[PDB]
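Novice: What follows is entry17.cif; its format and atoms are mmCIF, C-alpha atoms and all ligand atoms.
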```cif
data_target
loop_
_atom_site.label_atom_id
_atom_site.label_comp_id
_atom_site.auth_asym_id
_atom_site.auth_seq_id
_atom_site.Cartn_x
_atom_site.Cartn_y
_atom_site.Cartn_z
CA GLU A 1 21.19 88.97 3.29
CA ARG A 2 19.34 85.74 4.05
CA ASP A 3 21.46 82.94 5.43
CA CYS A 4 21.62 79.62 3.59
CA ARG A 5 23.45 77.85 6.35
CA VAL A 6 21.57 74.68 7.34
CA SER A 7 22.27 75.49 10.95
CA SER A 8 20.29 78.70 10.78
CA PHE A 9 17.10 77.28 9.28
CA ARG A 10 14.17 77.67 11.59
CA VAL A 11 12.08 74.65 12.48
CA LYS A 12 8.61 73.95 13.92
CA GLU A 13 8.35 75.34 17.42
CA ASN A 14 7.51 72.82 20.10
CA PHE A 15 6.70 70.09 17.57
CA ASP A 16 3.97 67.63 18.60
CA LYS A 17 4.49 64.07 17.41
CA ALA A 18 1.00 62.98 18.29
CA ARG A 19 -0.68 65.72 16.31
CA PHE A 20 1.46 64.89 13.29
CA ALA A 21 0.26 61.26 13.16
CA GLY A 22 -1.76 60.16 10.19
CA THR A 23 -1.84 60.25 6.44
CA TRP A 24 0.01 62.93 4.54
CA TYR A 25 -0.15 63.22 0.73
CA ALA A 26 3.02 64.48 -0.91
CA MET A 27 2.08 67.46 -3.11
CA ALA A 28 5.42 68.80 -4.29
CA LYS A 29 9.05 67.85 -3.89
CA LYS A 30 12.64 68.99 -4.45
CA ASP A 31 14.78 65.94 -5.31
CA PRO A 32 18.22 64.98 -4.07
CA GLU A 33 20.91 63.45 -6.25
CA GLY A 34 20.41 59.84 -7.30
CA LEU A 35 17.52 57.45 -7.01
CA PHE A 36 14.43 58.79 -5.22
CA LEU A 37 10.63 58.26 -5.14
CA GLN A 38 9.09 59.71 -8.25
CA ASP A 39 5.41 60.05 -7.67
CA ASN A 40 2.24 58.74 -6.10
CA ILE A 41 3.86 59.30 -2.71
CA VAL A 42 1.69 58.91 0.41
CA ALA A 43 3.18 58.72 3.94
CA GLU A 44 1.59 57.51 7.14
CA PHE A 45 2.95 58.56 10.53
CA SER A 46 2.54 56.80 13.88
CA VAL A 47 3.61 57.46 17.47
CA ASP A 48 3.50 54.67 20.03
CA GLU A 49 2.80 54.85 23.77
CA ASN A 50 6.49 55.50 24.50
CA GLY A 51 6.52 58.43 22.05
CA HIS A 52 8.48 56.69 19.42
CA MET A 53 7.64 57.98 15.98
CA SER A 54 7.47 55.82 12.88
CA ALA A 55 6.11 56.09 9.36
CA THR A 56 5.39 53.97 6.36
CA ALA A 57 5.52 55.36 2.84
CA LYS A 58 4.28 54.32 -0.59
CA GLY A 59 5.62 55.73 -3.84
CA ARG A 60 6.57 54.85 -7.38
CA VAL A 61 10.14 54.35 -8.24
CA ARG A 62 11.74 53.87 -11.67
CA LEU A 63 14.34 51.22 -11.46
CA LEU A 64 17.53 51.87 -13.40
CA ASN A 65 16.45 49.10 -15.80
CA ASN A 66 13.24 50.90 -16.65
CA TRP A 67 10.83 48.92 -14.49
CA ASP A 68 8.41 50.91 -12.50
CA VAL A 69 7.84 49.56 -9.01
CA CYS A 70 5.73 50.60 -6.11
CA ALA A 71 8.04 50.99 -3.13
CA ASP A 72 6.84 50.01 0.31
CA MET A 73 9.05 51.91 2.72
CA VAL A 74 9.48 51.98 6.48
CA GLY A 75 11.22 54.62 8.66
CA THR A 76 11.79 54.89 12.43
CA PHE A 77 12.68 58.24 13.96
CA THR A 78 15.05 59.03 16.85
CA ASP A 79 14.46 62.24 18.92
CA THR A 80 17.19 64.91 19.35
CA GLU A 81 17.60 68.08 21.50
CA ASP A 82 15.27 69.75 19.07
CA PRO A 83 11.69 68.50 19.02
CA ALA A 84 11.39 69.13 15.27
CA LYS A 85 14.66 67.56 14.13
CA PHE A 86 14.98 63.76 13.85
CA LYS A 87 17.41 61.07 12.69
CA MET A 88 15.51 58.67 10.30
CA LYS A 89 16.51 55.04 9.74
CA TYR A 90 14.70 53.71 6.67
CA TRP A 91 14.39 50.58 4.57
CA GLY A 92 12.09 48.92 2.11
CA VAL A 93 10.00 45.76 2.42
CA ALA A 94 11.75 44.56 -0.78
CA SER A 95 15.49 44.04 -0.40
CA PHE A 96 16.39 45.99 -3.50
CA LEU A 97 15.06 49.29 -2.15
CA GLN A 98 17.38 51.94 -0.70
CA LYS A 99 18.36 51.79 2.92
CA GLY A 100 19.98 54.61 4.81
CA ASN A 101 19.82 57.06 7.62
CA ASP A 102 18.83 60.66 7.03
CA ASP A 103 18.14 63.76 9.08
CA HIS A 104 14.43 64.59 8.95
CA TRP A 105 13.37 68.10 9.92
CA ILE A 106 9.86 69.49 10.19
CA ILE A 107 10.13 72.97 8.84
CA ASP A 108 6.56 74.02 9.30
CA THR A 109 3.19 72.51 9.90
CA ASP A 110 -0.27 73.38 11.12
CA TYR A 111 -0.97 69.68 11.66
CA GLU A 112 -4.28 70.03 9.87
CA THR A 113 -3.48 71.29 6.37
CA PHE A 114 0.19 71.31 5.37
CA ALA A 115 3.76 70.39 6.36
CA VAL A 116 7.17 71.22 4.92
CA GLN A 117 9.90 68.64 5.51
CA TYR A 118 13.61 68.92 4.84
CA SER A 119 16.82 66.86 4.77
CA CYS A 120 20.33 67.88 3.99
CA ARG A 121 22.36 64.74 3.12
CA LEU A 122 25.65 66.49 2.63
CA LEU A 123 27.02 69.71 3.96
CA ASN A 124 29.32 72.01 1.97
CA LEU A 125 32.48 73.31 3.57
CA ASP A 126 30.65 76.65 4.11
CA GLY A 127 27.78 75.15 5.98
CA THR A 128 25.20 75.38 3.20
CA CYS A 129 23.59 72.24 1.79
CA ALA A 130 25.17 70.39 -1.15
CA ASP A 131 22.60 67.61 -1.39
CA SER A 132 19.06 68.12 -0.10
CA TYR A 133 15.47 66.93 -0.45
CA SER A 134 12.26 68.54 0.68
CA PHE A 135 8.61 67.52 0.58
CA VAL A 136 5.55 69.56 0.87
CA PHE A 137 2.70 67.47 2.26
CA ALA A 138 -1.03 68.09 2.55
CA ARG A 139 -3.70 66.42 4.57
CA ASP A 140 -6.17 66.63 1.71
CA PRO A 141 -5.33 65.10 -1.65
CA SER A 142 -6.94 68.15 -3.22
CA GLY A 143 -4.21 70.46 -1.99
CA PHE A 144 -4.23 73.80 -0.09
CA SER A 145 -5.91 77.15 -0.17
CA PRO A 146 -4.15 80.14 -1.73
CA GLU A 147 -3.71 81.33 1.81
CA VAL A 148 -1.62 78.34 2.72
CA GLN A 149 0.21 78.41 -0.57
CA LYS A 150 1.63 81.75 0.40
CA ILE A 151 2.93 80.40 3.67
CA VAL A 152 4.50 77.37 1.94
CA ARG A 153 6.22 79.58 -0.67
CA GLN A 154 7.66 81.52 2.21
CA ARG A 155 9.19 78.49 3.84
CA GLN A 156 10.65 77.33 0.56
CA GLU A 157 12.43 80.67 0.30
CA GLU A 158 13.81 80.35 3.78
CA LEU A 159 15.19 76.92 2.85
CA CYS A 160 16.82 78.60 -0.05
CA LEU A 161 15.00 76.15 -2.22
CA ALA A 162 12.59 78.56 -3.98
CA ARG A 163 11.80 77.86 -7.62
CA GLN A 164 13.12 74.31 -7.24
CA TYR A 165 10.17 72.10 -6.38
CA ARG A 166 8.03 70.11 -8.79
CA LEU A 167 4.36 69.08 -8.48
CA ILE A 168 3.80 65.34 -7.78
CA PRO A 169 1.09 63.39 -9.51
CA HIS A 170 -1.25 60.90 -7.86
CA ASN A 171 -2.85 58.60 -10.34
CA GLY A 172 -3.39 55.44 -8.32
CA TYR A 173 -0.22 53.74 -9.50
CA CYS A 174 0.48 52.21 -6.12
CA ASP A 175 -3.23 51.94 -5.45
CA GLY A 176 -4.56 55.40 -4.94
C1 LIG B 1 14.49 53.45 -4.31
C2 LIG B 1 13.68 53.72 -3.14
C3 LIG B 1 13.89 55.05 -2.73
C4 LIG B 1 14.81 56.21 -2.97
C5 LIG B 1 13.06 55.28 -1.53
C6 LIG B 1 13.26 56.46 -0.90
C7 LIG B 1 12.29 56.48 0.19
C8 LIG B 1 12.43 57.76 1.15
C9 LIG B 1 13.09 58.94 0.90
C10 LIG B 1 11.46 57.74 2.11
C11 LIG B 1 11.26 58.71 2.99
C12 LIG B 1 10.14 58.80 4.02
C13 LIG B 1 9.83 57.78 4.98
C14 LIG B 1 10.46 56.32 5.05
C15 LIG B 1 8.73 57.92 6.02
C16 LIG B 1 7.90 59.02 5.78
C17 LIG B 1 8.40 60.25 5.28
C18 LIG B 1 9.39 60.17 4.14
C19 LIG B 1 10.47 61.51 4.28
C20 LIG B 1 8.55 60.19 2.98
#
```
Taking this structure as input, can you express it in the form of structure tokens?
Ligand SMILES: C/C=C(C)/C=C/C=C(C)/C=C/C1=C(C)CCCC1(C)C
Specialist:
Amino acid sequence: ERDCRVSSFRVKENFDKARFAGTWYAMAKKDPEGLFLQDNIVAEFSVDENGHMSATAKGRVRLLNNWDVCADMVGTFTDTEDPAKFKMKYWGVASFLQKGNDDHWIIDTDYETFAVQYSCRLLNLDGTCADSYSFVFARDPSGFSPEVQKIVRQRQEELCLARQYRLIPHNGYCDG
């Protein structure tokens, strides 16, 4: 039944950049292949006068050589024909941190409690996703109500990502 094609995934209706501004604590995540942020992830979103969205993010990353580093990351977003789908250019303040460009979609959000984000980095020949990442954010570091948890589980299912997220710890590693 349900369609796993990236192109059929619903997104946030009439997304509002200005209401999305602010601090968002990552609560759970579904990792992509390769190096990614491990934990202690906190993102901060901003929208200037011209409507240009940007964000800064802090998170712990395990370098291949076993060092643990706190990554200071920056991302700028470009608008598209869909208010909830953006192209994200990102880079770190330290030269060794990953740089790239990645789609950034806002699956769902109430602006005040939770948000579900999603990025497909590589499409299969059938249109499904072969390499994705998804974050579940909260406005409160204490998490969500059971009521909101139900909604979030729903969205995970529609991303065909159910049963594949892991809880993310916050223990002050990058100053929390
Ligand atoms: C080794 C360093 C690694 C992998 C860093 C990866 C950082 C990455 C995914 C950052 C993504 C985000 C940015 C910039 C802005 C806010 C939201 C996101 C979606 C949190």
Novice: Between atom CA of residue 163 of chain A and atom CA of residue 63 of chain A, what is the distance in Å, rounded to a tenth?
Specialist: 27.0 Å
Novice: Hey, which bits of chain A sit within 6 Å of ligand LIG 1 (chain B), and for each residue what's the closest pair of atoms and how far apart in Å (one decimal), counting all atoms listed in the file, rows by chain and increasing number, as CSV?
Specialist:
```
residue,atom,partner,partner_atom,distance
A:35,CA,B:LIG1,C4,5.0
A:36,CA,B:LIG1,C4,3.4
A:37,CA,B:LIG1,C4,5.1
A:43,CA,B:LIG1,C16,5.1
A:55,CA,B:LIG1,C15,4.6
A:56,CA,B:LIG1,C15,5.2
A:57,CA,B:LIG1,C15,5.2
A:61,CA,B:LIG1,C1,5.9
A:73,CA,B:LIG1,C14,5.2
A:74,CA,B:LIG1,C14,4.7
A:75,CA,B:LIG1,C14,4.1
A:90,CA,B:LIG1,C14,5.2
A:97,CA,B:LIG1,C1,4.7
A:98,CA,B:LIG1,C2,4.8
```
Novice: Using 6 Å as the limit and counting all atoms listed in the file, can you tabulate each residue of segment 1-103 of chain A that touches segment 120-130 of chain A, with its shortest atom-to-atom distance in Å and the two atoms involved, as a tab-separated table?
Specialist:
```
residue	atom	partner	partner_atom	distance
A:4	CA	A:128	CA	5.6
A:5	CA	A:128	CA	4.4
A:6	CA	A:128	CA	5.6
```
Novice: Enumerate, as a list in words, the protein, DNA and RNA residues whose atoms approach (1.5, 52.1, -0.5) to within 6 Å, taking into account all atoms listed in the file and the coordinate frame of the file.
Specialist: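 I get residues 58, 72 and 174 of chain A for the residues within 6 Å of that point.
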Novice: Now that the selection is made, can you save its residues with C-alpha atoms as a compact mmCIF listing (two decimals), keeping the file's coordinate frame?
Specialist:
```
# COMPACT_ATOMS: atom_id res chain seq x y z
CA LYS A 58 4.28 54.32 -0.59
CA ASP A 72 6.84 50.01 0.31
CA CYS A 174 0.48 52.21 -6.12
```
Novice: Name all residues at most 12 Å from residue 117 of chain A (count only C-alpha atoms; drop same-chain ones fewer than 4 positions away) and give them as number ranges by chain.
Specialist: A: 9-12, 24, 26-30, 84-86, 103-109, 132-138, 152, 155-156, 159, 161
Novice: Write a file of the just-selected residues containing C-alpha atoms, as an mmCIF file, keeping the file's coordinate frame.
Specialist:
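Produced file out_31.cif, reproduced below:
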```
data_model
loop_
_atom_site.group_PDB
_atom_site.id
_atom_site.type_symbol
_atom_site.label_atom_id
_atom_site.label_comp_id
_atom_site.auth_asym_id
_atom_site.auth_seq_id
_atom_site.Cartn_x
_atom_site.Cartn_y
_atom_site.Cartn_z
ATOM 1 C CA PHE A 9 17.100 77.280 9.280
ATOM 2 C CA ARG A 10 14.170 77.670 11.590
ATOM 3 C CA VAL A 11 12.080 74.650 12.480
ATOM 4 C CA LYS A 12 8.610 73.950 13.920
ATOM 5 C CA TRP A 24 0.010 62.930 4.540
ATOM 6 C CA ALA A 26 3.020 64.480 -0.910
ATOM 7 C CA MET A 27 2.080 67.460 -3.110
ATOM 8 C CA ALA A 28 5.420 68.800 -4.290
ATOM 9 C CA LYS A 29 9.050 67.850 -3.890
ATOM 10 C CA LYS A 30 12.640 68.990 -4.450
ATOM 11 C CA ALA A 84 11.390 69.130 15.270
ATOM 12 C CA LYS A 85 14.660 67.560 14.130
ATOM 13 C CA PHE A 86 14.980 63.760 13.850
ATOM 14 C CA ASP A 103 18.140 63.760 9.080
ATOM 15 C CA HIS A 104 14.430 64.590 8.950
ATOM 16 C CA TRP A 105 13.370 68.100 9.920
ATOM 17 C CA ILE A 106 9.860 69.490 10.190
ATOM 18 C CA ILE A 107 10.130 72.970 8.840
ATOM 19 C CA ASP A 108 6.560 74.020 9.300
ATOM 20 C CA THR A 109 3.190 72.510 9.900
ATOM 21 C CA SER A 132 19.060 68.120 -0.100
ATOM 22 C CA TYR A 133 15.470 66.930 -0.450
ATOM 23 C CA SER A 134 12.260 68.540 0.680
ATOM 24 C CA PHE A 135 8.610 67.520 0.580
ATOM 25 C CA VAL A 136 5.550 69.560 0.870
ATOM 26 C CA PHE A 137 2.700 67.470 2.260
ATOM 27 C CA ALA A 138 -1.030 68.090 2.550
ATOM 28 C CA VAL A 152 4.500 77.370 1.940
ATOM 29 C CA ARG A 155 9.190 78.490 3.840
ATOM 30 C CA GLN A 156 10.650 77.330 0.560
ATOM 31 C CA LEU A 159 15.190 76.920 2.850
ATOM 32 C CA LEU A 161 15.000 76.150 -2.220
#
```
Novice: Which distance in Å separates atom CA of residue 148 of chain A and atom CA of residue 54 of chain A, to one decimal?
Specialist: 26.3 Å
Novice: Counting all atoms listed in the file, which residue out of A:51, A:100, A:22, A:59 sits closest to residue 39 of chain A?
Specialist: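 Looking at the shortest contact to residue 39 of chain A, the residue is A:59.
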Novice: Which one of A:118, A:20, A:45, A:165 sits closest to residue 87 of chain A if you count all atoms listed in the file?
Specialist: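 Closest candidate: A:118.
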